[PDB]
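So this one's two forms of a single chain, laid out as structure tokens and tagged structure 1 and structure 2.
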Structure 1
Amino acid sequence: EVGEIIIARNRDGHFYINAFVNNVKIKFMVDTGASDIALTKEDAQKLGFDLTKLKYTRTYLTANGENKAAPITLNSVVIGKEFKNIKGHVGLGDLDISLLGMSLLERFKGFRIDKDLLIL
């Protein structure tokens, strides 16, 4: 179970974990802002989702336009523990890398960030 996870803040000012979503290594920007696990259309398609078969029931509206998005449920998400059926979505917006958000983070217990170091 569980873990103290520590994440050396990347060059670009964020940092990224790798999770095995349905044992596909997806690279995730760790985002407390994000509500759940926002899958880029690439990583959607990489996870064998059919972008023409998804129900795009949600809409992120940004400065530069609408970005429809599709609710899904990740069956397995392994950072090491396997979390089952973690709520996320497939963002057809300009969502250029995938998000590891609160849908996954709420299941933790304790938290701290910055200098260059996101601890869980």
Structure 2
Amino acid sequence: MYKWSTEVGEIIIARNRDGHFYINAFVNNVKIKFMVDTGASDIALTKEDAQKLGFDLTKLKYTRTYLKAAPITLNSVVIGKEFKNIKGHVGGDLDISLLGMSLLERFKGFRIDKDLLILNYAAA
């Protein structure tokens, strides 16, 4: 008699009137507010949010570019379920961090249509 089970889930975000989707995540167990960016793939953290996560700004290698930026790795990111070792980077103006496609395509299910962003996931 074989028996198994898991937690399954769905998250829907509706598009704000400025036309973007906003979403909360826990990153290394800190609450971070993200705006979704369809053109990015990588997570773009603000400096402020980098500090909140226990990173040092004077001691970072701002090597790569997208606009100049410091690649980084995030132990865990939770949105529905926990993801691990998530590619990111930290760069200048912007007030809010940005979530790209890479993280979102890691979901079991992920579609945008109409004004809805719909994520499906499974845990254990």
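So that the term is clear: the rigid core is the largest set of C-alpha atoms that superpose within 1.5 Å between two forms. Residue 1 is the first residue of structure 1, and the numbers go on in sequence order from there.
Comparing the forms between structures 1 and 2, the C-alpha position of residue 20 differs by less than 2 angstroms, with the core used for superposition.
Superposed on the core, the two forms barely differ at residue 7: its CA moves less than 2 Å between structures 1 and 2. For residue 114, the CA shift between structures 1 and 2 after superposing the rigid core equals 5.5 Å. Core superposition places the C-alpha of residue 103 2.5 Å apart between structures 1 and 2.
Here residue 53 exhibits a Cα shift of 1.5 Å between structures 1 and 2, evaluated on the superposed rigid core.
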